[PDB]
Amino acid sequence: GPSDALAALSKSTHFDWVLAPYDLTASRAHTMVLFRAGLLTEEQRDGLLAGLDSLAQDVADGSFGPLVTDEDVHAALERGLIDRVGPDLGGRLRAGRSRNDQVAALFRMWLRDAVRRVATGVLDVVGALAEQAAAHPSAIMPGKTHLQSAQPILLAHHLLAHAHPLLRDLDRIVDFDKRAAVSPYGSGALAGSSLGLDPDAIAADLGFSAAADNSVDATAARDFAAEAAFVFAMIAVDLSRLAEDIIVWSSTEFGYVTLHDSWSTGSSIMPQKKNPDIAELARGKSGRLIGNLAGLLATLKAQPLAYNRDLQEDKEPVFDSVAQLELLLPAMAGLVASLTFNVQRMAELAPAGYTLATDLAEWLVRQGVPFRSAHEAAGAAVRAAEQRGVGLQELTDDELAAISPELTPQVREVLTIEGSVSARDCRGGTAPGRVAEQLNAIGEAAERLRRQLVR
């Protein structure tokens, strides 16, 4: 038999046990296949189905599990079934079975459930962002580029900017599932079943949308796994951007947010210090999921057709990525929802460094003023204001008129932070009216995606 080293290397039960319910489902399906093929009596069919039901119970309550001598989840469950119905009846399921189309089938069935648990977690983070945005619809903050202050924006606009990538990831999940929903069952070892079974019927029975077009491709290809790994990596990277904002916002130097005691760690002695651990772990684990993706693609690279044992490595990186997101998504959702925003802090910084001189120039350009001239006017305003040690808004009607006759008192409309943001009122802009329309569209987009994922 196999050497100890071979058996230890090829054993998959430490990770594949999560496929057990799907294996049992496939076995139930296969019992029907054999019945339709006249290869099982009704007595045998019913006996096999009873045994499988009993096995499913024992797997579910943990009274049945793998032994060290089981190579994989399928072998464990075959042993379990034989223990329950005897070797004669139990062994009858081996007819018309293959191990290559089965393993591909189970991974897809698992993945289509997995991607929807992830999707539900993503919708929860989108929900938490939308909820904070609706709760703070008028808070103004500095808009950052290069982590430096540029144009004032609504906090709500910044928060929702983290929802749109996740909505795109949900869209990626929907697109992915169509590809995932093709059944390889009936493709056999590589060349197609010779049993005369019906791939289309089996596919429907197992919850797939269709059966495969080419048995060799159905059993050999794993681009569905690579794609899922990419979507999971993308989601993780998108969380890491949100995470980076929160980590920086949380610093006492920024002080934009206060973390909740239950969604952070804290000091034994320093009373008010809280650490953004959840965000940090999101940040760190995004690198992990990138690695899972890169490594799976390298595993798939230069595979000759058809099935090779390399392909056993398809599952663990994807299993890992899903398990990480299942932990990260509820943790990030709660972190976001429990944030306290320090609105005076953010608003105070928003007009600093004469950033509103940009708005002044843009206003001038809108009046028909040449851009260079506008710029010069803005510079004059900045220098004039700096001399008196006041903000631009505190410049007198005479001082403004002095700099340029185009600088009418009406320019003060964009020399407040409210006035600044309100002027940015095109689609996608940070003006309150647009952000309100953006927020409603997010609610509808999310609901539409959610319903697309209903099977």
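All residue numbers are counted from 1 along the displayed sequence.
Across the other entries compared, none leave residue 262 without coordinates where the residues on each side are present, so it is far from a third. 114 to 122 and 374 to 382 differ in mean CA B-factor, and the higher of the two is recorded for 374 to 382. Once the C-alpha B-factors are averaged per stretch, 439 to 447 and 5 to 13 rank with 439 to 447 first. Each of 426, 49, 421, 415 has a CA temperature factor in the record; the biggest one is found at 49. Ranked against the other modelled residues of its chain, the C-alpha B-factor of residue 186 as given in the entry falls in the middle third.
Among the modelled residues of the chain, residue 134 sits in the middle third by CA temperature factor in this PDB entry.
Ranked by C-alpha B-factor against the other modelled residues of its chain, residue 363 falls in the highest third. Residue 93: CA B factor lies in the highest third for its chain, per the PDB record. Annotation for residue 369: CA B-factor lies in the highest third of the chain's modelled residues.
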